[PDB]
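A.B. asks: from the sequence below, what's the structure:
(chains A and B, ligands or ions: 6)
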There are 2 protein chains.
Amino acid sequence: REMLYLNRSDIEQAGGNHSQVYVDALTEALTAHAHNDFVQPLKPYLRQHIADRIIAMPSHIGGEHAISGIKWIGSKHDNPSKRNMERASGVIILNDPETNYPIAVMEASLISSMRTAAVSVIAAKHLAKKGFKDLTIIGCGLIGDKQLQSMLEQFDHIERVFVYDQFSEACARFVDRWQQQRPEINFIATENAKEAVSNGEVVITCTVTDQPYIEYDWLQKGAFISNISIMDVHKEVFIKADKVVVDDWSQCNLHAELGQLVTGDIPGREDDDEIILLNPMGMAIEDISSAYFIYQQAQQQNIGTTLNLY
Amino acid sequence: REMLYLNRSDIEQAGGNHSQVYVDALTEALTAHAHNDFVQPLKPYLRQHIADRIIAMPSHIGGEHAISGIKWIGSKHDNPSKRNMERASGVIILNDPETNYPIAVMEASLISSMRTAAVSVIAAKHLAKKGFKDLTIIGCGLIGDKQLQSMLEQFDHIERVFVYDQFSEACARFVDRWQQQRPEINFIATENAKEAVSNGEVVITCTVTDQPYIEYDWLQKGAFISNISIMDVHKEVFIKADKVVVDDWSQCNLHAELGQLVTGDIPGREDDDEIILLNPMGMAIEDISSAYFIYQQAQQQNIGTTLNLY
Ligand SMILES: NC(=O)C1=CN([C@@H]2O[C@H](COP(=O)(O)OP(=O)(O)OC[C@H]3O[C@@H](n4cnc5c(N)ncnc54)[C@H](O)[C@@H]3O)[C@@H](O)[C@H]2O)C=CC1
Ligand SMILES: NC(=O)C1=CN([C@@H]2O[C@H](COP(=O)(O)OP(=O)(O)OC[C@H]3O[C@@H](n4cnc5c(N)ncnc54)[C@H](O)[C@@H]3O)[C@@H](O)[C@H]2O)C=CC1
Ligand SMILES: N[C@@H](CN[C@@H](CCC(=O)O)C(=O)O)C(=O)O
Ligand SMILES: N[C@@H](CN[C@@H](CCC(=O)O)C(=O)O)C(=O)O
Ligand SMILES: [Cl-]
Ligand SMILES: [Cl-]
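C.D. replies: Numbers count the residues shown, from 1 in each chain, chains lettered A, B, ... in the order given. Ligands and ions are numbered 1, 2, ... in the order given. Shown next is the structure:
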């Protein structure tokens, strides 16, 4: 009985640091979600602050290439502040549905951040205006960085990126390094959240806030907002938005669930005036499908450390 | 960021194949449970049969040597039958409560079976008659084997062991091999469950049944029964038993919870006529405390494979 171990470096080497593999994996997974060919229990929170927890996210995906597993992801808001460590960390375990035996142990933080960015990309394909040019990011942390990276990889027509962080220094670092990575694009450090949001055709919230600040009349007409960090958006926006989209309804306790957009069962953006809001809680099937996708490529390229179970 | 990997062989080498380390670990853990110095969410079942599932069991134990983690344990009743693999398998992850980062990845099946046997031993210390000589095991699988091993290690006064399995061949193998391990003890293969149970001062159920068969008037007066497999015991026994003990009440949806027996807050057996029933659902704090105990000894004896997280 063997298990393939894949650290973050191995995952990158297997192609886990580019958005396309996650877009591909989620596309098939979200299709499976719409066809209800999955099992996804409620995720229990282990708290001993909102960003101080470890969440167990188990799921099963059906099919001929059926896969099971869990994401065991921890978090401490203090980690970057007081320890110079990433806030989130954890492992992903994959399981053979035939025996339920574990077949893979994989680092989770990179996969988690990249699938989350892929959620925004996929939603933008259906909900954002065609050829949108202004992107807005709030929160210059790990998640926000991968959000920006993925959107740039997937949308070549992006010309300006408006960035804001409550911590001015965090925003300054973020803008400066990305300005070097993409010189032809103007990265604009705003002085408040309102200036950044009101200048964005696509707005992504990547903070750790516990109280909303996003007001409805900030949003441009035709704007699409991927509410990744959930708590950033005022209730009025949920009411005044032309279309509200979630990833999984029962999990969020309505225009559509994200899976129905990819299957064409429910249309996405229908005009360039619609203000569309995405509220994705994050699903375990996203982590498991992404992990199983990467794990297979690693096996192909002989990447990873083989462990014995017994 | 490093993680110590410990397979089943490493766990044995670190002393994970003797009951005493589990009795020690649970004793402190059950003490912590009684003092409510723990966090233990409800465990979600992942089903895609009763023994066909994967269970996420996360918990946190407080203190100066506080520890967090999860047991991700899968099961397939078909595994021994059609594949010659153990029914249960899985991994245990340990986490540093300060950062919630993972610090250990450990095989779970051995630890799981041994802590479960330690639950029976500890309960027997309080609920079984002093110097009991007749032990009864129903179910000759992996769990039942470790149940027998641990009881023999902890109770030298055991003279006879009555064994039964619905599958006659399973019972025959079990009895024969254990008769060679302990020749001075009479291992008696019974022809029905009733004969085995009615001859036991301590009765342990280790099957995978879904319907009760244990009747009240089978039980001797003074008997103690550790209902490990849960479903073996008829409802009448719960009513007619002099004392009913569980491991965790809220988890089982009453004389005492097991933790209160170890703290002396509630007495155990008070006379040798009391028929006492233990109904242990199994707690994550049992797996996590046992794992953290073993993990520490492995670090001392330089046992295990060091992995990099990034
Ligand atoms: N929906 C999903 O599936 C996922 C959601 N999330 C969420 O994304 C966030 C994680 O971000 P990370 O980069 O990993 O952690 P992080 O701590 O490294 O990033 C936080 C950054 O946002 C900034 N920020 C905080 N609060 C703010 C505010 N009120 N206003 C404006 N700007 C602000 C902070 O200064 C910090 O720079 C968490 O809230 C997490 O819950 C995380 C992963 C996936
Ligand atoms: N309370 C706790 O914390 C724990 C409870 N359990 C339970 O212990 C059982 C696992 O046993 P394993 O040895 O690991 O699996 P196993 O499949 O290897 O053992 C099953 C054995 O019991 C026999 N058996 C089944 N049904 C029966 C019946 N109606 N009557 C009489 N005899 C019978 C089977 O023939 C088989 O030999 C499961 O029911 C599991 O849920 C397992 C682990 C810890
Ligand atoms: N929206 C959820 C976050 N759930 C995320 C957790 C990922 C992480 O903590 O880095 C996930 O889906 O994995 C929340 O606010 O608690
Ligand atoms: N009593 C529970 C069993 N819970 C066990 C699972 C362990 C295993 O499946 O080997 C555990 O506590 O780990 C049930 O009947 O579902
Ligand atoms: Cl916490
Ligand atoms: Cl299953």
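
A.B. asks: of all of the stretch 201-310 of chain A, which residue lies closest to chain B?
C.D. replies: residue A:310 (4.4 Å; Cβ to the nearest Cβ). C-beta here means a position set from N, CA and C on the backbone, and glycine is covered the same way.

A.B. asks: export the lengthiest helix in chain A as PDB, just CAs?
C.D. replies: Assignment by DSSP state H gives helix A:109-127 as the longest helix of chain A. The C-alpha trace of helix A:109-127 is given here as PDB (Å, rounded to 0.1, in the frame of the first residue of the first chain):
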ATOM      1  CA  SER A 109      -2.200  26.000   0.500                       C
ATOM      2  CA  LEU A 110      -1.100  26.500  -3.100                       C
ATOM      3  CA  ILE A 111      -3.800  24.300  -4.500                       C
ATOM      4  CA  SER A 112      -6.400  26.000  -2.300                       C
ATOM      5  CA  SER A 113      -5.400  29.500  -3.400                       C
ATOM      6  CA  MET A 114      -5.200  28.600  -7.100                       C
ATOM      7  CA  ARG A 115      -8.600  26.800  -7.300                       C
ATOM      8  CA  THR A 116     -10.100  29.800  -5.600                       C
ATOM      9  CA  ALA A 117      -8.600  32.100  -8.300                       C
ATOM     10  CA  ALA A 118      -9.900  29.600 -10.900                       C
ATOM     11  CA  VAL A 119     -13.400  30.100  -9.400                       C
ATOM     12  CA  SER A 120     -13.100  33.800 -10.100                       C
ATOM     13  CA  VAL A 121     -11.800  33.200 -13.700                       C
ATOM     14  CA  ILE A 122     -14.600  30.700 -14.500                       C
ATOM     15  CA  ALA A 123     -17.300  33.000 -13.000                       C
ATOM     16  CA  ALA A 124     -15.800  35.900 -15.000                       C
ATOM     17  CA  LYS A 125     -16.200  34.000 -18.200                       C
ATOM     18  CA  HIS A 126     -19.900  33.900 -17.700                       C
ATOM     19  CA  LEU A 127     -20.600  36.900 -15.500                       C
END
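
A.B. asks: which residues touch the residue sitting nearest the centre point of chain A?
C.D. replies: By Cα atoms, centre = their mean, chain A has its centre lying nearest to residue A:116, at 0.9 Å. Each residue near residue A:116 by Cβ atoms under 8 Å, 6 or more residues apart in numbering or on different chains is listed here: A:143, A:146-147, A:228, A:280, A:282, A:286.

A.B. asks: spatially nearest residue to the residue of the stretch 201-310 of chain A closest to chain B (excluding sequence neighbours)?
C.D. replies: residue B:8 (4.4 Å; Cβ to Cβ, 6 or more residues apart in numbering or on different chains).

A.B. asks: shouldn't the one you found be in contact with residue B:106?
C.D. replies: No: between residue B:8 and residue B:106 there is no contact under Cβ atoms under 8 Å: 9.1 Å.

A.B. asks: now do the SS call for residue A:270.
C.D. replies: On the three-state scheme (DSSP: H, G, I helix; E, B strand; the rest coil), residue A:270 is labelled coil.
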